[PDB]
Amino acid sequence: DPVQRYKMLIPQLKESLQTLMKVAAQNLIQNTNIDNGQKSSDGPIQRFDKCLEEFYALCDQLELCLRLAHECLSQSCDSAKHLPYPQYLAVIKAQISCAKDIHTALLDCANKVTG
Amino acid sequence: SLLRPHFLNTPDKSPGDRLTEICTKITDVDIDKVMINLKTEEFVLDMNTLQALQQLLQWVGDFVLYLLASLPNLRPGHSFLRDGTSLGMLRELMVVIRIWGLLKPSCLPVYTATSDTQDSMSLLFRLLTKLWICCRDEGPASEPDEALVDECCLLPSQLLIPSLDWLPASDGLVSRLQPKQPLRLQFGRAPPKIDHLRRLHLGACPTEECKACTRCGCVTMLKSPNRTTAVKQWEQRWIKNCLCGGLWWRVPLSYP
Amino acid sequence: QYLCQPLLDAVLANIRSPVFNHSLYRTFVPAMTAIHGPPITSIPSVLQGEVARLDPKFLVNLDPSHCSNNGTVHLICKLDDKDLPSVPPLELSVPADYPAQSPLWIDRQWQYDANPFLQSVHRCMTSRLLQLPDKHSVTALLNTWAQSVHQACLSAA
Ligand SMILES: [Zn+2]
């Protein structure tokens, strides 16, 4: 799914970039045609700001999906790094207690040096 | 001054006075009902100067919106909320802006609206009439009712209140001085950039050179940007002085 | 280029208008300020560097004579070294804009006469001067001087 969501989001991203650049050019040309002395049709000018925030929403969806997938894959890598379910819970409480022991040993003796 | 009446109907009153009479007797909250009764074939321009008036009309609309959004709160607009005459003037300018927008839609101010089925000019005119009827009373001093307060609390939701430049950027010595203490100065040492008269946004570091008024401090660019499309009725007022009265004084460019 | 061209065409079409940055402001600042929030919260020292780094053999000092505190500068050096013999003081004329050009050795042929040994010093020194690369320093001149004195000691004995 996250790879396929990423493949979904890429052409939408290119579409939003195209519309953003073209709409920026349209709005700038309209504002220069008002600012300099020029006639110009009012028309369906299609505001710029919506395109800009739409692009930002697409980038948020992309970074969300990739951060999720990266956390999941790093999670699986360290999980493989470390068959009855009570045996699982026994080694899990063993690992948690052992890491707690290392941490409190370091903290207590780094405080035992001074203060 | 710009509206030249093409024919004299109801004579002995110039169209400034006809407009002020009509806007002061018609207290309708809608802008259409005021605009109907105002002989709108008289309010015609050549659609060139009418387009070039865009920045002054932009300042009018933005100041009205800033004032009405400032109502729920001492700030840069606190005096205008209780002055009936200035609010009447703002009403009259909104009505002539509506007429000129119907003639040519490019002259109008723009509001970034957080909706697309909106008539922003009519909204601001409704709130302005409801504020002004407070103060156009005889011997009134009517504090504004809560309906106006909540409607003007809704204005940042409906439109974006932009920002405004306020003219006296104070570098005068008289505020800085004190009795019994003399300032010791060096010559040439000198102990969001707009043109305040033609409301043009200069850049961060402006490329065209400028004059500064010596009393208020307003900045204008020195030569006009478009010599063809220039509302000379507005630009030629401030050739020799500022509006406050002080002289112009050329400011040197930065070159950063 | 691709996917960005119409912006480039609009902006390159509309350069040299005095209301340009007004147009950019009006079309771009409300979107950005809505999304991104409001904006932001005597002697040239090259010669002092050379003289400060010289070997204590040389004893470089300014000439009491000659123009001072002006374009070019003038030096009278010395030589102290038990191995080397006492020799005529040597006169240097360093131009202003000293790097990117070569200083000049003020020649005094008359004091390099009246001995065979000083004649050998002078001949060998003019030889190494012709051998020098262009835009050399002062220290290149002083070191060719010391090497010339050493060769004229060895060639003599
Ligand atoms: Zn002034």
# chains A, B, ... in the order shown; residues from 1 in each chain; ligands from 1
>>> interface_residues(of="chain C", to="chain A", cutoff="7 Å", atoms="only C-alpha atoms", output="short mmCIF file (atom, residue, chain, number, x, y, z; two decimals) with N, CA and C atoms, in the first residue's frame")
data_model
loop_
_atom_site.label_atom_id
_atom_site.label_comp_id
_atom_site.auth_asym_id
_atom_site.auth_seq_id
_atom_site.Cartn_x
_atom_site.Cartn_y
_atom_site.Cartn_z
N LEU C 3 7.60 22.23 -17.16
CA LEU C 3 6.65 22.41 -16.06
C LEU C 3 6.76 23.76 -15.37
N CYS C 4 7.66 24.63 -15.83
CA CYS C 4 7.86 25.93 -15.22
C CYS C 4 7.85 27.07 -16.22
N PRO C 6 5.61 28.80 -18.37
CA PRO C 6 4.75 30.00 -18.49
C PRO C 6 5.00 31.08 -17.45
N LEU C 7 5.46 30.70 -16.25
CA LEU C 7 5.94 31.70 -15.29
C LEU C 7 7.11 32.48 -15.86
N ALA C 10 5.93 34.91 -18.51
CA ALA C 10 5.25 36.07 -17.94
C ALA C 10 6.24 37.06 -17.34
N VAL C 19 6.05 49.46 -12.42
CA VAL C 19 5.09 48.87 -11.49
C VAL C 19 5.22 47.37 -11.38
N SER C 23 3.15 44.51 -9.09
CA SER C 23 2.36 43.43 -9.66
C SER C 23 2.69 42.10 -8.99
N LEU C 24 3.98 41.86 -8.75
CA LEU C 24 4.39 40.65 -8.05
C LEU C 24 3.86 40.62 -6.63
N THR C 27 0.08 39.97 -6.65
CA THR C 27 -0.33 38.62 -7.03
C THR C 27 0.22 37.54 -6.11
N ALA C 31 -1.32 35.09 -0.68
CA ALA C 31 -1.23 33.64 -0.58
C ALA C 31 -0.12 33.21 0.36
#
>>> residues_near_ligand(ligand="ligand 1", cutoff="9 Å", atoms="only C-alpha atoms and all ligand atoms", output="PDB file with N, CA and C atoms, in the first residue's frame")
ATOM      1  N   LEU B 167       0.743  56.868   7.684  1.00  0.00           N
ATOM      2  CA  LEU B 167       1.675  57.823   7.090  1.00  0.00           C
ATOM      3  C   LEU B 167       2.768  58.338   8.014  1.00  0.00           C
ATOM      4  N   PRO B 168       2.494  58.882   9.242  1.00  0.00           N
ATOM      5  CA  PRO B 168       3.624  59.541   9.925  1.00  0.00           C
ATOM      6  C   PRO B 168       4.657  58.570  10.490  1.00  0.00           C
ATOM      7  N   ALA B 212      10.559  62.040  -0.277  1.00  0.00           N
ATOM      8  CA  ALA B 212       9.943  61.901   1.020  1.00  0.00           C
ATOM      9  C   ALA B 212       9.466  63.268   1.456  1.00  0.00           C
ATOM     10  N   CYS B 213       8.285  63.323   2.039  1.00  0.00           N
ATOM     11  CA  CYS B 213       7.833  64.556   2.651  1.00  0.00           C
ATOM     12  C   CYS B 213       8.643  64.837   3.896  1.00  0.00           C
ATOM     13  N   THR B 214       8.807  66.117   4.211  1.00  0.00           N
ATOM     14  CA  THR B 214       9.694  66.479   5.305  1.00  0.00           C
ATOM     15  C   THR B 214       8.945  66.593   6.618  1.00  0.00           C
ATOM     16  N   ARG B 215       7.622  66.672   6.572  1.00  0.00           N
ATOM     17  CA  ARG B 215       6.880  66.721   7.822  1.00  0.00           C
ATOM     18  C   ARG B 215       6.227  65.396   8.177  1.00  0.00           C
ATOM     19  N   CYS B 216       5.324  64.900   7.337  1.00  0.00           N
ATOM     20  CA  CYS B 216       4.650  63.652   7.666  1.00  0.00           C
ATOM     21  C   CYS B 216       5.569  62.470   7.435  1.00  0.00           C
ATOM     22  N   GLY B 217       6.229  62.430   6.293  1.00  0.00           N
ATOM     23  CA  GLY B 217       7.148  61.368   5.993  1.00  0.00           C
ATOM     24  C   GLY B 217       6.697  60.444   4.896  1.00  0.00           C
ATOM     25  N   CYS B 218       5.660  60.817   4.147  1.00  0.00           N
ATOM     26  CA  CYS B 218       5.158  59.943   3.105  1.00  0.00           C
ATOM     27  C   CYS B 218       6.145  59.896   1.962  1.00  0.00           C
ATOM     28  N   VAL B 219       6.180  58.762   1.291  1.00  0.00           N
ATOM     29  CA  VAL B 219       7.130  58.485   0.233  1.00  0.00           C
ATOM     30  C   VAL B 219       6.353  58.373  -1.052  1.00  0.00           C
ATOM     31  N   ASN B 241       3.932  70.151  -3.116  1.00  0.00           N
ATOM     32  CA  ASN B 241       3.970  69.796  -1.704  1.00  0.00           C
ATOM     33  C   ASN B 241       3.422  68.399  -1.501  1.00  0.00           C
ATOM     34  N   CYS B 242       3.437  67.969  -0.250  1.00  0.00           N
ATOM     35  CA  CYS B 242       2.657  66.831   0.175  1.00  0.00           C
ATOM     36  C   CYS B 242       1.250  67.300   0.519  1.00  0.00           C
ATOM     37  N   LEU B 243       0.406  66.372   0.952  1.00  0.00           N
ATOM     38  CA  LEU B 243      -0.918  66.786   1.399  1.00  0.00           C
ATOM     39  C   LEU B 243      -0.854  67.417   2.773  1.00  0.00           C
ATOM     40  N   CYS B 244       0.085  66.977   3.606  1.00  0.00           N
ATOM     41  CA  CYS B 244       0.212  67.570   4.929  1.00  0.00           C
ATOM     42  C   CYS B 244       0.753  68.979   4.835  1.00  0.00           C
ATOM     43  N   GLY B 245       1.461  69.281   3.759  1.00  0.00           N
ATOM     44  CA  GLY B 245       1.947  70.616   3.517  1.00  0.00           C
ATOM     45  C   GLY B 245       3.434  70.707   3.337  1.00  0.00           C
ATOM     46  N   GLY B 246       4.193  69.760   3.878  1.00  0.00           N
ATOM     47  CA  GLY B 246       5.634  69.861   3.850  1.00  0.00           C
ATOM     48  C   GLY B 246       6.199  69.691   2.457  1.00  0.00           C
ATOM     49  N   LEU B 247       7.487  69.942   2.337  1.00  0.00           N
ATOM     50  CA  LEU B 247       8.095  69.886   1.032  1.00  0.00           C
ATOM     51  C   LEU B 247       8.523  68.469   0.718  1.00  0.00           C
ATOM     52  N   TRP B 248       8.835  68.243  -0.546  1.00  0.00           N
ATOM     53  CA  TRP B 248       9.431  66.996  -0.961  1.00  0.00           C
ATOM     54  C   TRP B 248      10.923  67.119  -0.779  1.00  0.00           C
TER      55      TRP B 248
END
>>> closest_residue(among="A:73, A:80, A:45, A:58", to="residue 5 of chain A", atoms="only C-alpha atoms")
A:58
>>> closest_atom_pairs(of="chain B", to="chain A", cutoff="8 Å", atoms="only C-alpha atoms", output="JSON lines")
{"residue": "B:48", "atom": "CA", "partner": "A:37", "partner_atom": "CA", "distance": 8.0}
{"residue": "B:51", "atom": "CA", "partner": "A:34", "partner_atom": "CA", "distance": 7.6}
{"residue": "B:52", "atom": "CA", "partner": "A:37", "partner_atom": "CA", "distance": 7.5}
{"residue": "B:105", "atom": "CA", "partner": "A:42", "partner_atom": "CA", "distance": 7.8}
{"residue": "B:106", "atom": "CA", "partner": "A:34", "partner_atom": "CA", "distance": 7.3}
{"residue": "B:226", "atom": "CA", "partner": "A:36", "partner_atom": "CA", "distance": 7.2}
{"residue": "B:229", "atom": "CA", "partner": "A:37", "partner_atom": "CA", "distance": 6.1}
>>> write_last_selection(atoms="C-alpha atoms", output="PDB file, in the first residue's frame")
ATOM      1  CA  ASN B  48      -9.145  54.530 -19.276  1.00  0.00           C
ATOM      2  CA  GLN B  51      -9.151  51.796 -14.954  1.00  0.00           C
ATOM      3  CA  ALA B  52      -6.184  53.844 -13.746  1.00  0.00           C
ATOM      4  CA  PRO B 105     -15.162  45.639 -13.498  1.00  0.00           C
ATOM      5  CA  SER B 106     -11.380  46.068 -13.464  1.00  0.00           C
ATOM      6  CA  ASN B 226       2.923  55.333 -16.563  1.00  0.00           C
ATOM      7  CA  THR B 229      -2.245  56.280 -18.009  1.00  0.00           C
TER       8      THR B 229
END
>>> select_by_dssp(residues="segment 27-231 of chain B", states="strand (DSSP E or B)", output="list in words")
residues 113, 159, 178, 181, 194, 201, 210, 211, 212, 213, 219, 220 and 221 of chain B
>>> interface_residues(of="chain C", to="chain B", cutoff="6 Å", atoms="only C-alpha atoms", output="list in words")
residues 18, 21 and 22 of chain C
>>> select_by_dssp(residues="chain C", states="helix (DSSP H, G or I)", output="ChimeraX atom specification")
/C:5-13,20-35,45-52,116-130,139-156
>>> atom_distance(atom1="atom CA of residue 10 of chain A", atom2="atom CA of residue 75 of chain A")
25.4 Å
>>> closest_residue(among="C:5, C:94, C:83, C:61", to="residue 44 of chain C", atoms="only C-alpha atoms")
C:94
>>> closest_residue(among="C:47, C:79, C:40, C:125", to="residue 99 of chain C", atoms="only C-alpha atoms")
C:47
>>> decode(residues="segment 119-131 of chain B", atoms="N, CA, C and O atoms", output="tab-separated table (two decimals), in the first residue's frame")
chain	number	residue	atom	x	y	z
B	119	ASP	N	-20.77	38.66	-2.31
B	119	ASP	CA	-20.72	40.03	-2.77
B	119	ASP	C	-20.09	40.86	-1.66
B	119	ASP	O	-20.78	41.33	-0.76
B	120	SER	N	-18.76	41.01	-1.73
B	120	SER	CA	-18.02	41.58	-0.62
B	120	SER	C	-18.32	43.06	-0.45
B	120	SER	O	-18.43	43.55	0.68
B	121	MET	N	-18.46	43.78	-1.56
B	121	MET	CA	-18.79	45.20	-1.52
B	121	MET	C	-20.13	45.45	-0.83
B	121	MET	O	-20.25	46.36	0.00
B	122	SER	N	-21.13	44.62	-1.12
B	122	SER	CA	-22.43	44.79	-0.49
B	122	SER	C	-22.38	44.44	0.99
B	122	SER	O	-23.07	45.06	1.80
B	123	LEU	N	-21.55	43.46	1.35
B	123	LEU	CA	-21.36	43.09	2.75
B	123	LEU	C	-20.76	44.24	3.55
B	123	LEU	O	-21.27	44.61	4.63
B	124	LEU	N	-19.68	44.83	3.03
B	124	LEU	CA	-19.05	45.94	3.72
B	124	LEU	C	-19.95	47.16	3.75
B	124	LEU	O	-19.94	47.91	4.72
B	125	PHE	N	-20.77	47.34	2.72
B	125	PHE	CA	-21.67	48.49	2.72
B	125	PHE	C	-22.80	48.30	3.72
B	125	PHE	O	-23.24	49.27	4.34
B	126	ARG	N	-23.27	47.07	3.88
B	126	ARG	CA	-24.28	46.78	4.90
B	126	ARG	C	-23.75	47.08	6.29
B	126	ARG	O	-24.41	47.77	7.08
B	127	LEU	N	-22.54	46.63	6.58
B	127	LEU	CA	-21.97	46.89	7.89
B	127	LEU	C	-21.63	48.36	8.08
B	127	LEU	O	-21.76	48.90	9.19
B	128	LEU	N	-21.29	49.06	6.99
B	128	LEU	CA	-20.95	50.47	7.13
B	128	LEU	C	-22.19	51.30	7.38
B	128	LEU	O	-22.15	52.24	8.19
B	129	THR	N	-23.29	51.01	6.68
B	129	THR	CA	-24.53	51.72	6.95
B	129	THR	C	-25.02	51.46	8.35
B	129	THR	O	-25.49	52.37	9.03
B	130	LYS	N	-24.88	50.22	8.83
B	130	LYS	CA	-25.34	49.92	10.17
B	130	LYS	C	-24.46	50.58	11.22
B	130	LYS	O	-24.92	50.84	12.34
B	131	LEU	N	-23.20	50.85	10.90
B	131	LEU	CA	-22.38	51.61	11.83
B	131	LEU	C	-22.69	53.10	11.75
B	131	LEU	O	-22.69	53.79	12.77
